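To keep things clear, I will list the structure first and then write my remarks on it.
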Amino acid sequence: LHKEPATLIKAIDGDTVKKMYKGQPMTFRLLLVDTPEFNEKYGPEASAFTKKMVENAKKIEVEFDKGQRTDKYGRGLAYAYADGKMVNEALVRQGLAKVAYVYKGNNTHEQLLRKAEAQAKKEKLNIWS
Ligand SMILES: Cc1cn([C@H]2C[C@H](OP(=O)(O)O)[C@@H](COP(=O)(O)O)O2)c(=O)[nH]c1=O
Ligand SMILES: [Ca+2]
């Protein structure tokens, strides 16, 4: 896989971020994770975590996996990076997202994210508290 440029347009919630990619607006849904909805417990905390991470970044990048690049809603499916740190992993490591939606052929970073979730669980963080 490889990282590609994008710019932030708007953080939407814990696991959706609108970005400009190849010069076009696109809503990205973060691969391999599930944050709570805003109306659910830890939903506002997940939204805030993602928002701060992408708004503070000097450099946003997206990385597509090997398989489908958009979902049935037209959302881009990618790993998002903020100054080189993966947002998807950081959410899971903080107990603000579960590893989820692991479809075959778009699962390159699965084991990395599962390791983060185990550590969040051991620490009883947030969702795991
Ligand atoms: C993360 C992800 C979600 N989706 C779909 C599955 C779910 O369909 P349904 O909408 O029918 O439940 C939905 C979950 O996204 P949200 O967690 O954003 O709701 O998005 C994909 O198809 N591929 C993916 O990689
Ligand atoms: Ca969600």
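The chains in the structure tokens are called A, B, ... from first to last as shown; in each chain the residues are counted from 1, and the ligands are counted from 1 in the order shown.
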
For residue A:48, work out the shell of residues within 10 Å, counting only C-alpha atoms and skipping chain neighbours fewer than 4 positions away, then give it as an MDAnalysis selection string.
chainID A and resid 11:14 38 42:44 52:53

Could you please take those selected residues and save N, CA and C atoms as an mmCIF file, in the first residue's frame?
```cif
data_model
loop_
_atom_site.group_PDB
_atom_site.id
_atom_site.type_symbol
_atom_site.label_atom_id
_atom_site.label_comp_id
_atom_site.auth_asym_id
_atom_site.auth_seq_id
_atom_site.Cartn_x
_atom_site.Cartn_y
_atom_site.Cartn_z
ATOM 1 N N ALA A 11 -14.148 17.263 9.706
ATOM 2 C CA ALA A 11 -14.340 16.064 10.508
ATOM 3 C C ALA A 11 -15.826 15.910 10.792
ATOM 4 N N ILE A 12 -16.365 14.730 10.544
ATOM 5 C CA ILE A 12 -17.793 14.510 10.676
ATOM 6 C C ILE A 12 -18.126 13.792 11.977
ATOM 7 N N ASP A 13 -17.541 12.616 12.179
ATOM 8 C CA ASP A 13 -17.673 11.923 13.463
ATOM 9 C C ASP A 13 -16.456 11.054 13.726
ATOM 10 N N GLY A 14 -16.564 10.086 14.630
ATOM 11 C CA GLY A 14 -15.382 9.323 15.005
ATOM 12 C C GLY A 14 -14.712 8.626 13.828
ATOM 13 N N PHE A 38 -22.571 9.433 17.305
ATOM 14 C CA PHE A 38 -22.526 10.588 18.188
ATOM 15 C C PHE A 38 -23.543 10.502 19.327
ATOM 16 N N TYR A 42 -19.556 7.284 24.375
ATOM 17 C CA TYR A 42 -18.249 7.471 23.742
ATOM 18 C C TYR A 42 -18.299 8.001 22.321
ATOM 19 N N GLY A 43 -19.499 8.281 21.815
ATOM 20 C CA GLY A 43 -19.623 8.836 20.466
ATOM 21 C C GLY A 43 -19.066 10.248 20.374
ATOM 22 N N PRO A 44 -19.410 11.112 21.348
ATOM 23 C CA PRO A 44 -18.867 12.474 21.307
ATOM 24 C C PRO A 44 -17.360 12.516 21.554
ATOM 25 N N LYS A 52 -9.753 16.485 16.498
ATOM 26 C CA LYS A 52 -8.501 17.104 16.941
ATOM 27 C C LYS A 52 -7.329 16.552 16.147
ATOM 28 N N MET A 53 -7.323 15.241 15.944
ATOM 29 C CA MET A 53 -6.228 14.632 15.226
ATOM 30 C C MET A 53 -6.104 15.146 13.789
#
```

In chain A, what's helix (DSSP H, G or I) per DSSP? Answer as a PyMOL selection string?
chain A and resi 43-56+87-93+110-122+126-128

Next on the checklist: Using only C-alpha atoms and all ligand atoms for the distances, tell me which of A:100, A:67, A:73, A:19 is nearest to ligand 2.
Outcome noted: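 Answer, going by the shortest atom-to-atom distance: A:100.
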
Fill in: Residue with smallest distance to residue A:51 - pool A:118, A:77, A:87, A:99, counting only C-alpha atoms
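Result for the nearest residue to residue A:51: A:87.
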
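Considering the residues A:95, A:36, A:105, A:84 and counting only C-alpha atoms and all ligand atoms, ligand 2 has its shortest atom-to-atom contact with A:36.
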
Residues within 8 Å of ligand 2 should be enumerated using only C-alpha atoms and all ligand atoms and returned as a list in words.
residues 14, 15, 33, 34, 35, 36 and 37 of chain A

Counting only C-alpha atoms and all ligand atoms, which residues in chain A sit no more than 6 Å from ligand 1? For each one, give the nearest pair of atoms and the distance in Å, sorted by chain then residue number, as CSV.
```
residue,atom,partner,partner_atom_place_in_ligand_line,distance
A:29,CA,ligand 1,1 (C),6.0
A:31,CA,ligand 1,1 (C),5.0
A:32,CA,ligand 1,1 (C),5.8
A:34,CA,ligand 1,17 (O),5.6
A:71,CA,ligand 1,22 (O),4.8
A:77,CA,ligand 1,25 (O),6.0
A:101,CA,ligand 1,1 (C),5.2
```

Go ahead and write the selection's residues with N, CA and C atoms as an mmCIF file, in the first residue's frame.
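Writing the result to result-v5.cif gives the following:
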```cif
data_model
loop_
_atom_site.group_PDB
_atom_site.id
_atom_site.type_symbol
_atom_site.label_atom_id
_atom_site.label_comp_id
_atom_site.auth_asym_id
_atom_site.auth_seq_id
_atom_site.Cartn_x
_atom_site.Cartn_y
_atom_site.Cartn_z
ATOM 1 N N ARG A 29 -14.805 6.892 4.990
ATOM 2 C CA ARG A 29 -15.118 6.028 6.124
ATOM 3 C C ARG A 29 -13.864 5.231 6.431
ATOM 4 N N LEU A 31 -11.319 2.510 7.333
ATOM 5 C CA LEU A 31 -11.272 1.045 7.284
ATOM 6 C C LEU A 31 -11.068 0.394 8.636
ATOM 7 N N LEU A 32 -11.721 -0.755 8.819
ATOM 8 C CA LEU A 32 -11.420 -1.736 9.869
ATOM 9 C C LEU A 32 -11.822 -1.287 11.263
ATOM 10 N N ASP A 34 -14.955 0.723 13.983
ATOM 11 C CA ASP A 34 -16.303 1.224 14.211
ATOM 12 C C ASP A 34 -16.269 2.086 15.460
ATOM 13 N N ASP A 71 -17.588 2.494 -0.711
ATOM 14 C CA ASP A 71 -18.647 1.605 -0.253
ATOM 15 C C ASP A 71 -19.950 1.904 -0.991
ATOM 16 N N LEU A 77 -13.088 4.375 1.200
ATOM 17 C CA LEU A 77 -12.650 3.445 2.234
ATOM 18 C C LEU A 77 -11.132 3.481 2.291
ATOM 19 N N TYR A 101 -15.850 -4.651 10.739
ATOM 20 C CA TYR A 101 -15.997 -4.503 9.291
ATOM 21 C C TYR A 101 -14.727 -4.959 8.581
#
```

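Closest approach to residue A:60 among A:110, A:123, A:117, A:4: A:4, based on only C-alpha atoms.
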
Between atom CA of residue A:75 and atom CA of residue A:97, what is the distance, to one decimal in Å?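 About the pair atom CA of residue A:75 and atom CA of residue A:97: they are 18.5 Å apart.
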
Residue A:30 proximity check over A:82, A:96, A:54, A:17, using only C-alpha atoms: winner is A:17

A straight line from atom CA of residue A:106 to atom CA of residue A:3 spans 15.2 Å

The distance between atom CA of residue A:65 and atom CA of residue A:93 is 20.4 Å

Exercise. Using only C-alpha atoms, which residues sit within 12 Å of residue A:1 once same-chain residues fewer than 5 positions away are excluded, as a PyMOL selection string?
Worked result: chain A and resi 62-67+78-79+106-109

Of A:61, A:40, A:45, A:83, the one nearest to residue A:8 when counting only C-alpha atoms is A:61

request  = Could you pull out the residues in chain A that DSSP calls strand (DSSP E or B) from the backbone, as an NGL selection string?
outcome  = :A and (4-13 or 16-21 or 24-30 or 33-34 or 60-63 or 70 or 76-82 or 85-86 or 98-99)
